[PDB]
Each structure stands twice: as structure tokens, then as C-alpha cells.
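So this one's work-v2.tsv, TSV, N, CA and C atoms:
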```tsv
chain	number	residue	atom	x	y	z
A	4	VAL	N	1.34	-51.75	21.08
A	4	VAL	CA	0.94	-52.69	19.98
A	4	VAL	C	2.19	-52.99	19.16
A	5	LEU	N	2.48	-54.28	18.99
A	5	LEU	CA	3.72	-54.69	18.31
A	5	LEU	C	3.49	-55.13	16.88
A	6	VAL	N	2.24	-55.24	16.45
A	6	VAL	CA	1.91	-55.54	15.06
A	6	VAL	C	1.47	-54.28	14.36
A	7	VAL	N	1.62	-54.29	13.04
A	7	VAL	CA	1.20	-53.16	12.20
A	7	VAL	C	-0.28	-53.39	11.89
A	8	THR	N	-1.14	-52.80	12.70
A	8	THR	CA	-2.59	-53.09	12.66
A	8	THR	C	-3.14	-52.96	11.25
A	9	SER	N	-2.82	-51.85	10.58
A	9	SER	CA	-3.41	-51.61	9.25
A	9	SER	C	-3.04	-52.71	8.28
A	10	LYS	N	-1.80	-53.20	8.38
A	10	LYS	CA	-1.28	-54.20	7.44
A	10	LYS	C	-1.85	-55.59	7.76
A	11	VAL	N	-2.05	-55.89	9.04
A	11	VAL	CA	-2.71	-57.14	9.44
A	11	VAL	C	-4.14	-57.15	8.91
A	12	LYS	N	-4.86	-56.05	9.13
A	12	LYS	CA	-6.26	-56.00	8.67
A	12	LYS	C	-6.33	-56.13	7.15
A	13	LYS	N	-5.39	-55.48	6.44
A	13	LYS	CA	-5.33	-55.56	4.98
A	13	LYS	C	-5.11	-57.00	4.54
A	14	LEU	N	-4.13	-57.68	5.15
A	14	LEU	CA	-3.83	-59.08	4.78
A	14	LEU	C	-5.10	-59.96	4.95
A	15	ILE	N	-5.76	-59.82	6.09
A	15	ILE	CA	-6.92	-60.67	6.39
A	15	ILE	C	-8.07	-60.35	5.42
A	16	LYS	N	-8.25	-59.09	5.09
A	16	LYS	CA	-9.34	-58.70	4.18
A	16	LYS	C	-9.04	-59.17	2.76
A	17	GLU	N	-7.84	-58.95	2.29
A	17	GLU	CA	-7.51	-59.24	0.88
A	17	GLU	C	-7.39	-60.75	0.66
A	18	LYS	N	-6.86	-61.49	1.64
A	18	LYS	CA	-6.65	-62.95	1.50
A	18	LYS	C	-7.90	-63.73	1.88
A	19	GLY	N	-8.73	-63.26	2.83
A	19	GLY	CA	-9.95	-63.98	3.30
A	19	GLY	C	-11.30	-63.27	3.14
A	20	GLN	N	-11.32	-62.06	2.69
A	20	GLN	CA	-12.55	-61.21	2.70
A	20	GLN	C	-13.11	-61.23	4.11
A	21	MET	N	-12.23	-61.22	5.11
A	21	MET	CA	-12.60	-61.30	6.52
A	21	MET	C	-12.30	-59.87	7.08
A	22	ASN	N	-13.11	-59.50	8.04
A	22	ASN	CA	-12.79	-58.44	9.02
A	22	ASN	C	-11.89	-59.00	10.14
A	23	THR	N	-11.30	-58.10	10.92
A	23	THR	CA	-10.37	-58.42	12.01
A	23	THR	C	-10.88	-57.79	13.28
A	24	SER	N	-11.13	-58.57	14.32
A	24	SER	CA	-11.55	-57.99	15.60
A	24	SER	C	-10.39	-57.30	16.32
A	25	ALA	N	-10.74	-56.40	17.21
A	25	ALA	CA	-9.73	-55.74	18.04
A	25	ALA	C	-8.99	-56.75	18.88
A	26	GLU	N	-9.68	-57.76	19.39
A	26	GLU	CA	-8.99	-58.72	20.26
A	26	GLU	C	-8.02	-59.55	19.45
A	27	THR	N	-8.25	-59.76	18.16
A	27	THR	CA	-7.29	-60.46	17.32
A	27	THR	C	-5.96	-59.70	17.30
A	28	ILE	N	-6.02	-58.39	17.11
A	28	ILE	CA	-4.81	-57.56	17.11
A	28	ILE	C	-4.10	-57.72	18.44
A	29	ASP	N	-4.83	-57.68	19.54
A	29	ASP	CA	-4.22	-57.83	20.87
A	29	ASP	C	-3.53	-59.17	21.02
A	30	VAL	N	-4.15	-60.25	20.58
A	30	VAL	CA	-3.51	-61.58	20.70
A	30	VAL	C	-2.25	-61.62	19.86
A	31	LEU	N	-2.30	-61.09	18.65
A	31	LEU	CA	-1.09	-61.09	17.79
A	31	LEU	C	0.02	-60.30	18.45
A	32	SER	N	-0.28	-59.15	19.02
A	32	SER	CA	0.74	-58.35	19.69
A	32	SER	C	1.31	-59.12	20.89
A	33	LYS	N	0.48	-59.76	21.68
A	33	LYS	CA	0.95	-60.53	22.82
A	33	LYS	C	1.83	-61.68	22.34
A	34	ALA	N	1.47	-62.27	21.21
A	34	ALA	CA	2.28	-63.37	20.69
A	34	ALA	C	3.70	-62.85	20.33
A	35	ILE	N	3.77	-61.70	19.70
A	35	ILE	CA	5.08	-61.11	19.37
A	35	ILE	C	5.84	-60.83	20.65
A	36	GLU	N	5.20	-60.29	21.66
A	36	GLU	CA	5.90	-59.98	22.91
A	36	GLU	C	6.48	-61.28	23.47
A	37	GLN	N	5.70	-62.36	23.52
A	37	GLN	CA	6.18	-63.61	24.09
A	37	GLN	C	7.31	-64.18	23.26
A	38	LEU	N	7.20	-64.14	21.93
A	38	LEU	CA	8.28	-64.65	21.08
A	38	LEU	C	9.55	-63.85	21.34
A	39	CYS	N	9.44	-62.55	21.47
A	39	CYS	CA	10.63	-61.72	21.72
A	39	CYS	C	11.27	-62.06	23.06
A	40	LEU	N	10.45	-62.20	24.09
A	40	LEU	CA	11.01	-62.48	25.41
A	40	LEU	C	11.63	-63.87	25.43
A	41	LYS	N	11.03	-64.86	24.81
A	41	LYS	CA	11.64	-66.19	24.72
A	41	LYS	C	12.92	-66.09	23.90
A	42	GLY	N	12.94	-65.25	22.89
A	42	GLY	CA	14.15	-65.06	22.09
A	42	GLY	C	15.29	-64.49	22.92
A	43	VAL	N	14.99	-63.53	23.76
A	43	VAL	CA	16.00	-63.00	24.71
A	43	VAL	C	16.53	-64.08	25.58
A	44	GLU	N	15.69	-64.97	26.11
A	44	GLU	CA	16.10	-66.10	26.99
A	44	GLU	C	17.08	-66.96	26.23
A	45	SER	N	16.72	-67.32	24.99
A	45	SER	CA	17.55	-68.25	24.19
A	45	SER	C	18.90	-67.60	23.87
A	46	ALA	N	18.89	-66.36	23.44
A	46	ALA	CA	20.14	-65.68	23.06
A	46	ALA	C	21.06	-65.53	24.24
A	47	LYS	N	20.50	-65.14	25.39
A	47	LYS	CA	21.33	-64.97	26.57
A	47	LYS	C	21.87	-66.31	27.04
A	48	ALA	N	21.08	-67.35	26.99
A	48	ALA	CA	21.56	-68.68	27.42
A	48	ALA	C	22.75	-69.10	26.54
A	49	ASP	N	22.80	-68.66	25.29
A	49	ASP	CA	23.87	-68.98	24.33
A	49	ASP	C	25.02	-67.98	24.51
A	50	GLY	N	24.99	-67.03	25.45
A	50	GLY	CA	26.05	-66.03	25.68
A	50	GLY	C	26.15	-64.99	24.61
A	51	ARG	N	25.05	-64.75	23.90
A	51	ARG	CA	25.05	-63.77	22.81
A	51	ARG	C	24.42	-62.46	23.27
A	52	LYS	N	24.67	-61.40	22.49
A	52	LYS	CA	24.12	-60.05	22.74
A	52	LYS	C	23.13	-59.63	21.68
A	53	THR	N	22.77	-60.54	20.77
A	53	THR	CA	21.80	-60.27	19.70
A	53	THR	C	20.83	-61.43	19.64
A	54	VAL	N	19.54	-61.10	19.60
A	54	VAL	CA	18.49	-62.07	19.33
A	54	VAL	C	18.46	-62.32	17.82
A	55	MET	N	18.59	-63.56	17.46
A	55	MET	CA	18.71	-64.04	16.08
A	55	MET	C	17.47	-64.84	15.69
A	56	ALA	N	17.32	-65.10	14.41
A	56	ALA	CA	16.17	-65.86	13.94
A	56	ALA	C	16.09	-67.21	14.63
A	57	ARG	N	17.21	-67.87	14.88
A	57	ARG	CA	17.18	-69.22	15.50
A	57	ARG	C	16.68	-69.12	16.94
A	58	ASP	N	16.62	-67.93	17.54
A	58	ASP	CA	16.08	-67.77	18.90
A	58	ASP	C	14.56	-67.67	18.93
A	59	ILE	N	13.93	-67.51	17.78
A	59	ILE	CA	12.45	-67.30	17.69
A	59	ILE	C	11.88	-68.64	17.35
A	60	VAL	N	11.44	-69.37	18.33
A	60	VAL	CA	11.12	-70.78	18.01
A	60	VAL	C	9.65	-70.72	17.64
A	61	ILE	N	9.34	-71.07	16.40
A	61	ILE	CA	8.00	-71.02	15.78
A	61	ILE	C	7.82	-72.34	15.01
B	4	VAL	N	6.28	-55.93	5.95
B	4	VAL	CA	6.66	-56.20	7.37
B	4	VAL	C	5.40	-56.01	8.22
B	5	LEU	N	5.07	-57.02	9.01
B	5	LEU	CA	3.82	-56.99	9.79
B	5	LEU	C	4.04	-56.66	11.26
B	6	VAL	N	5.30	-56.58	11.69
B	6	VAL	CA	5.63	-56.16	13.05
B	6	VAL	C	6.12	-54.73	13.03
B	7	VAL	N	5.98	-54.08	14.17
B	7	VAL	CA	6.46	-52.69	14.33
B	7	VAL	C	7.93	-52.79	14.73
B	8	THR	N	8.81	-52.72	13.74
B	8	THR	CA	10.24	-53.00	13.93
B	8	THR	C	10.81	-52.20	15.09
B	9	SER	N	10.54	-50.89	15.11
B	9	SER	CA	11.15	-50.04	16.14
B	9	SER	C	10.75	-50.49	17.53
B	10	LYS	N	9.49	-50.92	17.68
B	10	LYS	CA	8.94	-51.29	19.00
B	10	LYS	C	9.46	-52.67	19.42
B	11	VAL	N	9.63	-53.58	18.47
B	11	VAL	CA	10.24	-54.89	18.76
B	11	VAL	C	11.68	-54.68	19.23
B	12	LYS	N	12.44	-53.86	18.50
B	12	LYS	CA	13.84	-53.65	18.89
B	12	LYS	C	13.92	-52.99	20.26
B	13	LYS	N	13.01	-52.05	20.54
B	13	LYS	CA	12.96	-51.38	21.85
B	13	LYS	C	12.69	-52.39	22.95
B	14	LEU	N	11.69	-53.24	22.75
B	14	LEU	CA	11.33	-54.26	23.77
B	14	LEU	C	12.57	-55.15	24.08
B	15	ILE	N	13.23	-55.63	23.03
B	15	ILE	CA	14.35	-56.55	23.21
B	15	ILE	C	15.52	-55.83	23.90
B	16	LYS	N	15.75	-54.59	23.55
B	16	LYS	CA	16.86	-53.84	24.16
B	16	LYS	C	16.56	-53.52	25.62
B	17	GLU	N	15.37	-53.04	25.90
B	17	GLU	CA	15.05	-52.58	27.26
B	17	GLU	C	14.87	-53.77	28.21
B	18	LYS	N	14.31	-54.88	27.73
B	18	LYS	CA	14.05	-56.06	28.58
B	18	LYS	C	15.26	-56.98	28.65
B	19	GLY	N	16.10	-57.08	27.61
B	19	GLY	CA	17.29	-57.98	27.58
B	19	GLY	C	18.66	-57.33	27.37
B	20	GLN	N	18.73	-56.06	27.15
B	20	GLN	CA	19.99	-55.38	26.73
B	20	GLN	C	20.53	-56.12	25.52
B	21	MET	N	19.65	-56.59	24.65
B	21	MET	CA	20.00	-57.38	23.47
B	21	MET	C	19.75	-56.42	22.26
B	22	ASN	N	20.56	-56.60	21.25
B	22	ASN	CA	20.27	-56.17	19.87
B	22	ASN	C	19.34	-57.18	19.18
B	23	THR	N	18.78	-56.77	18.05
B	23	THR	CA	17.83	-57.57	17.26
B	23	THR	C	18.34	-57.68	15.84
B	24	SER	N	18.56	-58.88	15.34
B	24	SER	CA	18.98	-59.04	13.94
B	24	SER	C	17.84	-58.77	12.97
B	25	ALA	N	18.22	-58.44	11.74
B	25	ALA	CA	17.22	-58.25	10.69
B	25	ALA	C	16.44	-59.52	10.46
B	26	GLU	N	17.08	-60.67	10.53
B	26	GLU	CA	16.36	-61.92	10.26
B	26	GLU	C	15.36	-62.19	11.36
B	27	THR	N	15.60	-61.73	12.59
B	27	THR	CA	14.62	-61.88	13.66
B	27	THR	C	13.32	-61.16	13.27
B	28	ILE	N	13.43	-59.94	12.79
B	28	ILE	CA	12.25	-59.17	12.36
B	28	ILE	C	11.52	-59.95	11.28
B	29	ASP	N	12.24	-60.50	10.32
B	29	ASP	CA	11.61	-61.28	9.24
B	29	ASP	C	10.87	-62.49	9.77
B	30	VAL	N	11.45	-63.22	10.70
B	30	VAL	CA	10.76	-64.40	11.26
B	30	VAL	C	9.51	-63.97	12.00
B	31	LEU	N	9.59	-62.90	12.78
B	31	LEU	CA	8.40	-62.43	13.50
B	31	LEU	C	7.30	-62.04	12.53
B	32	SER	N	7.65	-61.35	11.46
B	32	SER	CA	6.65	-60.95	10.47
B	32	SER	C	6.04	-62.20	9.81
B	33	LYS	N	6.84	-63.17	9.46
B	33	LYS	CA	6.33	-64.40	8.86
B	33	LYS	C	5.41	-65.12	9.84
B	34	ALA	N	5.76	-65.08	11.11
B	34	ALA	CA	4.91	-65.74	12.11
B	34	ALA	C	3.52	-65.06	12.15
B	35	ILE	N	3.50	-63.74	12.12
B	35	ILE	CA	2.21	-63.02	12.09
B	35	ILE	C	1.45	-63.39	10.83
B	36	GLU	N	2.10	-63.45	9.70
B	36	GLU	CA	1.40	-63.79	8.46
B	36	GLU	C	0.77	-65.17	8.62
B	37	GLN	N	1.51	-66.16	9.13
B	37	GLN	CA	0.97	-67.51	9.25
B	37	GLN	C	-0.17	-67.54	10.25
B	38	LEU	N	-0.04	-66.84	11.38
B	38	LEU	CA	-1.13	-66.81	12.35
B	38	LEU	C	-2.38	-66.21	11.72
B	39	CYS	N	-2.22	-65.16	10.95
B	39	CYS	CA	-3.38	-64.52	10.31
B	39	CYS	C	-4.04	-65.46	9.32
B	40	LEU	N	-3.24	-66.13	8.50
B	40	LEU	CA	-3.82	-67.02	7.49
B	40	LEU	C	-4.50	-68.21	8.17
B	41	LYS	N	-3.92	-68.77	9.21
B	41	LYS	CA	-4.59	-69.85	9.95
B	41	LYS	C	-5.85	-69.31	10.60
B	42	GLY	N	-5.83	-68.07	11.05
B	42	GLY	CA	-7.02	-67.46	11.63
B	42	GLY	C	-8.14	-67.34	10.62
B	43	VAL	N	-7.82	-66.95	9.41
B	43	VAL	CA	-8.82	-66.93	8.32
B	43	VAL	C	-9.40	-68.28	8.10
B	44	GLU	N	-8.59	-69.35	8.09
B	44	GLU	CA	-9.06	-70.75	7.90
B	44	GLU	C	-10.07	-71.07	8.98
B	45	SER	N	-9.70	-70.78	10.23
B	45	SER	CA	-10.56	-71.15	11.38
B	45	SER	C	-11.88	-70.37	11.33
B	46	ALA	N	-11.82	-69.09	11.07
B	46	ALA	CA	-13.04	-68.26	11.04
B	46	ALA	C	-13.97	-68.69	9.94
B	47	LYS	N	-13.41	-68.95	8.75
B	47	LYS	CA	-14.24	-69.37	7.64
B	47	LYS	C	-14.83	-70.74	7.90
B	48	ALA	N	-14.08	-71.65	8.47
B	48	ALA	CA	-14.62	-72.99	8.77
B	48	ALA	C	-15.81	-72.87	9.72
B	49	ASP	N	-15.83	-71.86	10.58
B	49	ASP	CA	-16.90	-71.61	11.56
B	49	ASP	C	-18.02	-70.80	10.90
B	50	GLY	N	-17.96	-70.45	9.61
B	50	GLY	CA	-18.99	-69.66	8.90
B	50	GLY	C	-19.04	-68.22	9.30
B	51	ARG	N	-17.92	-67.70	9.80
B	51	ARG	CA	-17.87	-66.30	10.25
B	51	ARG	C	-17.20	-65.43	9.20
B	52	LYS	N	-17.40	-64.12	9.34
B	52	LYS	CA	-16.81	-63.09	8.45
B	52	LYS	C	-15.79	-62.23	9.17
B	53	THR	N	-15.46	-62.58	10.42
B	53	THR	CA	-14.47	-61.84	11.21
B	53	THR	C	-13.54	-62.85	11.86
B	54	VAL	N	-12.24	-62.58	11.74
B	54	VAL	CA	-11.22	-63.33	12.48
B	54	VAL	C	-11.19	-62.78	13.91
B	55	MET	N	-11.36	-63.68	14.84
B	55	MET	CA	-11.48	-63.39	16.27
B	55	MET	C	-10.27	-63.93	17.02
B	56	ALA	N	-10.12	-63.52	18.26
B	56	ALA	CA	-8.99	-63.98	19.06
B	56	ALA	C	-8.97	-65.50	19.15
B	57	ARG	N	-10.11	-66.15	19.25
B	57	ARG	CA	-10.13	-67.63	19.39
B	57	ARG	C	-9.65	-68.29	18.10
B	58	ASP	N	-9.56	-67.56	16.99
B	58	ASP	CA	-9.02	-68.13	15.73
B	58	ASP	C	-7.50	-68.11	15.67
B	59	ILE	N	-6.85	-67.42	16.59
B	59	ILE	CA	-5.36	-67.24	16.58
B	59	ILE	C	-4.84	-68.25	17.55
B	60	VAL	N	-4.43	-69.39	17.07
B	60	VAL	CA	-4.17	-70.46	18.06
B	60	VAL	C	-2.69	-70.28	18.37
B	61	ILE	N	-2.38	-69.97	19.62
B	61	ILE	CA	-1.03	-69.67	20.15
B	61	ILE	C	-0.89	-70.43	21.47
```

C-alpha cells encoding of this file:
Amino acid sequence: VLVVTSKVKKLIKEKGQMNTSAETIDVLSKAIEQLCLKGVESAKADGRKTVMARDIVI
Amino acid sequence: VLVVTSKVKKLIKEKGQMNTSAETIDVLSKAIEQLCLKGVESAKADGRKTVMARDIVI
């Protein structure tokens, strides 16, 4: 799991009075994994050894 | 911070032999915050009290 589950659930509850399903946590974690892997692609294509904010295309 | 920093850095290092900048962590966390808030919008518009995977549009 790549998201901080407790903090995600807190944000959703305090900002929306919403509960958070388990599958929501899974999708968020998968989204982080994909952003990271695309970031690696971008950084390497640029000949760099560090993934930077400009590599996280959002 | 809404991402698990240590686990993000591990993924990027093990999958890309890349380092991870601090600003990368910040962008990932901001992305999670925005996905969560959009998820609250979608769930509430549907009259629900739980943010579900279908509310996280990725």
C-alpha cells in the first residue's frame, strides 16, 4: 500500500463526512504506483538519475 | 503527507535505480489529496456516504 490509509480516511471523513471503501484505498495506491513508474520513464528518457516533480504528470 | 514516502522511494529505486526528490513526494501527496476531494464530490453527487473506487477517476 503506497498511501497512508489512516490519513486518507481522515481527510475524506473530515472534509466530506464520507467513509472510505477498501477498494478506494487500492485504487489510490495503484494510481501512485503508475505515477511513479511513469516518472521513472520520464526521468530516464531525460538521462537523469532522480525522479523529479516535473516527471509526475498530473 | 498522504503517500508512504519510504515505500515510494523503495519502488522508484528498485524498479528504476532512480532516486526520488522531495518535490516528487509533495506532488504525489497533492495528487492523492485532489483525487480524494474529487471522490467526495462524486460520491456526494450520487447521494452516497462512502467514497468508492468508481469515484476515483484515474

For stretch 52-59 of chain A: contacts at 6 Å, all atoms listed in the file, fewer than 2 positions along chain excluded, given as a PyMOL selection string
(chain A and resi 38+41-43+45-46+50+61) or (chain B and resi 20-24+26-27)

Identify all residues of chain B in strand (DSSP E) (DSSP on the backbone) and supply them as a VMD selection string.
chain B and resid 22 to 23 53 to 54

Near stretch 7-12 of chain A, within 8 Å and counting all atoms listed in the file, which residues show up once chain neighbours fewer than 3 positions away are dropped, as a PyMOL selection string?
(chain A and resi 4+15-18+21-24+28+32) or (chain B and resi 4-8+35-36+39)

Using DSSP on the backbone, list every residue of chain B that comes out as helix (DSSP H, G or I), and give them as a PDB file with N, CA and C atoms, in the coordinates of the input.
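Wrote it out as part-v9.pdb, contents follow:
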```
ATOM      1  N   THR B   8       8.810 -52.720  13.740  1.00  0.00           N
ATOM      2  CA  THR B   8      10.240 -53.000  13.930  1.00  0.00           C
ATOM      3  C   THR B   8      10.810 -52.200  15.090  1.00  0.00           C
ATOM      4  N   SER B   9      10.540 -50.890  15.110  1.00  0.00           N
ATOM      5  CA  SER B   9      11.150 -50.040  16.140  1.00  0.00           C
ATOM      6  C   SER B   9      10.750 -50.490  17.530  1.00  0.00           C
ATOM      7  N   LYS B  10       9.490 -50.920  17.680  1.00  0.00           N
ATOM      8  CA  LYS B  10       8.940 -51.290  19.000  1.00  0.00           C
ATOM      9  C   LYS B  10       9.460 -52.670  19.420  1.00  0.00           C
ATOM     10  N   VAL B  11       9.630 -53.580  18.470  1.00  0.00           N
ATOM     11  CA  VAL B  11      10.240 -54.890  18.760  1.00  0.00           C
ATOM     12  C   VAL B  11      11.680 -54.680  19.230  1.00  0.00           C
ATOM     13  N   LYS B  12      12.440 -53.860  18.500  1.00  0.00           N
ATOM     14  CA  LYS B  12      13.840 -53.650  18.890  1.00  0.00           C
ATOM     15  C   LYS B  12      13.920 -52.990  20.260  1.00  0.00           C
ATOM     16  N   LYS B  13      13.010 -52.050  20.540  1.00  0.00           N
ATOM     17  CA  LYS B  13      12.960 -51.380  21.850  1.00  0.00           C
ATOM     18  C   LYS B  13      12.690 -52.390  22.950  1.00  0.00           C
ATOM     19  N   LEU B  14      11.690 -53.240  22.750  1.00  0.00           N
ATOM     20  CA  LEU B  14      11.330 -54.260  23.770  1.00  0.00           C
ATOM     21  C   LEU B  14      12.570 -55.150  24.080  1.00  0.00           C
ATOM     22  N   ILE B  15      13.230 -55.630  23.030  1.00  0.00           N
ATOM     23  CA  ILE B  15      14.350 -56.550  23.210  1.00  0.00           C
ATOM     24  C   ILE B  15      15.520 -55.830  23.900  1.00  0.00           C
ATOM     25  N   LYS B  16      15.750 -54.590  23.550  1.00  0.00           N
ATOM     26  CA  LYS B  16      16.860 -53.840  24.160  1.00  0.00           C
ATOM     27  C   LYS B  16      16.560 -53.520  25.620  1.00  0.00           C
ATOM     28  N   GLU B  17      15.370 -53.040  25.900  1.00  0.00           N
ATOM     29  CA  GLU B  17      15.050 -52.580  27.260  1.00  0.00           C
ATOM     30  C   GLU B  17      14.870 -53.770  28.210  1.00  0.00           C
ATOM     31  N   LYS B  18      14.310 -54.880  27.730  1.00  0.00           N
ATOM     32  CA  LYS B  18      14.050 -56.060  28.580  1.00  0.00           C
ATOM     33  C   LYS B  18      15.260 -56.980  28.650  1.00  0.00           C
ATOM     34  N   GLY B  19      16.100 -57.080  27.610  1.00  0.00           N
ATOM     35  CA  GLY B  19      17.290 -57.980  27.580  1.00  0.00           C
ATOM     36  C   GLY B  19      18.660 -57.330  27.370  1.00  0.00           C
ATOM     37  N   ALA B  25      18.220 -58.440  11.740  1.00  0.00           N
ATOM     38  CA  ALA B  25      17.220 -58.250  10.690  1.00  0.00           C
ATOM     39  C   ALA B  25      16.440 -59.520  10.460  1.00  0.00           C
ATOM     40  N   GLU B  26      17.080 -60.670  10.530  1.00  0.00           N
ATOM     41  CA  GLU B  26      16.360 -61.920  10.260  1.00  0.00           C
ATOM     42  C   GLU B  26      15.360 -62.190  11.360  1.00  0.00           C
ATOM     43  N   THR B  27      15.600 -61.730  12.590  1.00  0.00           N
ATOM     44  CA  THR B  27      14.620 -61.880  13.660  1.00  0.00           C
ATOM     45  C   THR B  27      13.320 -61.160  13.270  1.00  0.00           C
ATOM     46  N   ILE B  28      13.430 -59.940  12.790  1.00  0.00           N
ATOM     47  CA  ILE B  28      12.250 -59.170  12.360  1.00  0.00           C
ATOM     48  C   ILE B  28      11.520 -59.950  11.280  1.00  0.00           C
ATOM     49  N   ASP B  29      12.240 -60.500  10.320  1.00  0.00           N
ATOM     50  CA  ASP B  29      11.610 -61.280   9.240  1.00  0.00           C
ATOM     51  C   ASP B  29      10.870 -62.490   9.770  1.00  0.00           C
ATOM     52  N   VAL B  30      11.450 -63.220  10.700  1.00  0.00           N
ATOM     53  CA  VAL B  30      10.760 -64.400  11.260  1.00  0.00           C
ATOM     54  C   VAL B  30       9.510 -63.970  12.000  1.00  0.00           C
ATOM     55  N   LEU B  31       9.590 -62.900  12.780  1.00  0.00           N
ATOM     56  CA  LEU B  31       8.400 -62.430  13.500  1.00  0.00           C
ATOM     57  C   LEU B  31       7.300 -62.040  12.530  1.00  0.00           C
ATOM     58  N   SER B  32       7.650 -61.350  11.460  1.00  0.00           N
ATOM     59  CA  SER B  32       6.650 -60.950  10.470  1.00  0.00           C
ATOM     60  C   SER B  32       6.040 -62.200   9.810  1.00  0.00           C
ATOM     61  N   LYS B  33       6.840 -63.170   9.460  1.00  0.00           N
ATOM     62  CA  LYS B  33       6.330 -64.400   8.860  1.00  0.00           C
ATOM     63  C   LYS B  33       5.410 -65.120   9.840  1.00  0.00           C
ATOM     64  N   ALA B  34       5.760 -65.080  11.110  1.00  0.00           N
ATOM     65  CA  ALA B  34       4.910 -65.740  12.110  1.00  0.00           C
ATOM     66  C   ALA B  34       3.520 -65.060  12.150  1.00  0.00           C
ATOM     67  N   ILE B  35       3.500 -63.740  12.120  1.00  0.00           N
ATOM     68  CA  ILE B  35       2.210 -63.020  12.090  1.00  0.00           C
ATOM     69  C   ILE B  35       1.450 -63.390  10.830  1.00  0.00           C
ATOM     70  N   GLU B  36       2.100 -63.450   9.700  1.00  0.00           N
ATOM     71  CA  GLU B  36       1.400 -63.790   8.460  1.00  0.00           C
ATOM     72  C   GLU B  36       0.770 -65.170   8.620  1.00  0.00           C
ATOM     73  N   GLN B  37       1.510 -66.160   9.130  1.00  0.00           N
ATOM     74  CA  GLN B  37       0.970 -67.510   9.250  1.00  0.00           C
ATOM     75  C   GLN B  37      -0.170 -67.540  10.250  1.00  0.00           C
ATOM     76  N   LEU B  38      -0.040 -66.840  11.380  1.00  0.00           N
ATOM     77  CA  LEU B  38      -1.130 -66.810  12.350  1.00  0.00           C
ATOM     78  C   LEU B  38      -2.380 -66.210  11.720  1.00  0.00           C
ATOM     79  N   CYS B  39      -2.220 -65.160  10.950  1.00  0.00           N
ATOM     80  CA  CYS B  39      -3.380 -64.520  10.310  1.00  0.00           C
ATOM     81  C   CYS B  39      -4.040 -65.460   9.320  1.00  0.00           C
ATOM     82  N   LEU B  40      -3.240 -66.130   8.500  1.00  0.00           N
ATOM     83  CA  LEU B  40      -3.820 -67.020   7.490  1.00  0.00           C
ATOM     84  C   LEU B  40      -4.500 -68.210   8.170  1.00  0.00           C
ATOM     85  N   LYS B  41      -3.920 -68.770   9.210  1.00  0.00           N
ATOM     86  CA  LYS B  41      -4.590 -69.850   9.950  1.00  0.00           C
ATOM     87  C   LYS B  41      -5.850 -69.310  10.600  1.00  0.00           C
ATOM     88  N   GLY B  42      -5.830 -68.070  11.050  1.00  0.00           N
ATOM     89  CA  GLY B  42      -7.020 -67.460  11.630  1.00  0.00           C
ATOM     90  C   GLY B  42      -8.140 -67.340  10.620  1.00  0.00           C
ATOM     91  N   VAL B  43      -7.820 -66.950   9.410  1.00  0.00           N
ATOM     92  CA  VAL B  43      -8.820 -66.930   8.320  1.00  0.00           C
ATOM     93  C   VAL B  43      -9.400 -68.280   8.100  1.00  0.00           C
ATOM     94  N   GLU B  44      -8.590 -69.350   8.090  1.00  0.00           N
ATOM     95  CA  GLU B  44      -9.060 -70.750   7.900  1.00  0.00           C
ATOM     96  C   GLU B  44     -10.070 -71.070   8.980  1.00  0.00           C
ATOM     97  N   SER B  45      -9.700 -70.780  10.230  1.00  0.00           N
ATOM     98  CA  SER B  45     -10.560 -71.150  11.380  1.00  0.00           C
ATOM     99  C   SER B  45     -11.880 -70.370  11.330  1.00  0.00           C
ATOM    100  N   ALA B  46     -11.820 -69.090  11.070  1.00  0.00           N
ATOM    101  CA  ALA B  46     -13.040 -68.260  11.040  1.00  0.00           C
ATOM    102  C   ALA B  46     -13.970 -68.690   9.940  1.00  0.00           C
ATOM    103  N   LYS B  47     -13.410 -68.950   8.750  1.00  0.00           N
ATOM    104  CA  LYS B  47     -14.240 -69.370   7.640  1.00  0.00           C
ATOM    105  C   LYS B  47     -14.830 -70.740   7.900  1.00  0.00           C
ATOM    106  N   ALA B  48     -14.080 -71.650   8.470  1.00  0.00           N
ATOM    107  CA  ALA B  48     -14.620 -72.990   8.770  1.00  0.00           C
ATOM    108  C   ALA B  48     -15.810 -72.870   9.720  1.00  0.00           C
ATOM    109  N   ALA B  56     -10.120 -63.520  18.260  1.00  0.00           N
ATOM    110  CA  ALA B  56      -8.990 -63.980  19.060  1.00  0.00           C
ATOM    111  C   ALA B  56      -8.970 -65.500  19.150  1.00  0.00           C
ATOM    112  N   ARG B  57     -10.110 -66.150  19.250  1.00  0.00           N
ATOM    113  CA  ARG B  57     -10.130 -67.630  19.390  1.00  0.00           C
ATOM    114  C   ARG B  57      -9.650 -68.290  18.100  1.00  0.00           C
ATOM    115  N   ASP B  58      -9.560 -67.560  16.990  1.00  0.00           N
ATOM    116  CA  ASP B  58      -9.020 -68.130  15.730  1.00  0.00           C
ATOM    117  C   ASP B  58      -7.500 -68.110  15.670  1.00  0.00           C
TER     118      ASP B  58
END
```

I'd like the interatomic distance between atom C of residue B:49 and atom N of residue B:33, to a tenth of an Å.
26.0 Å
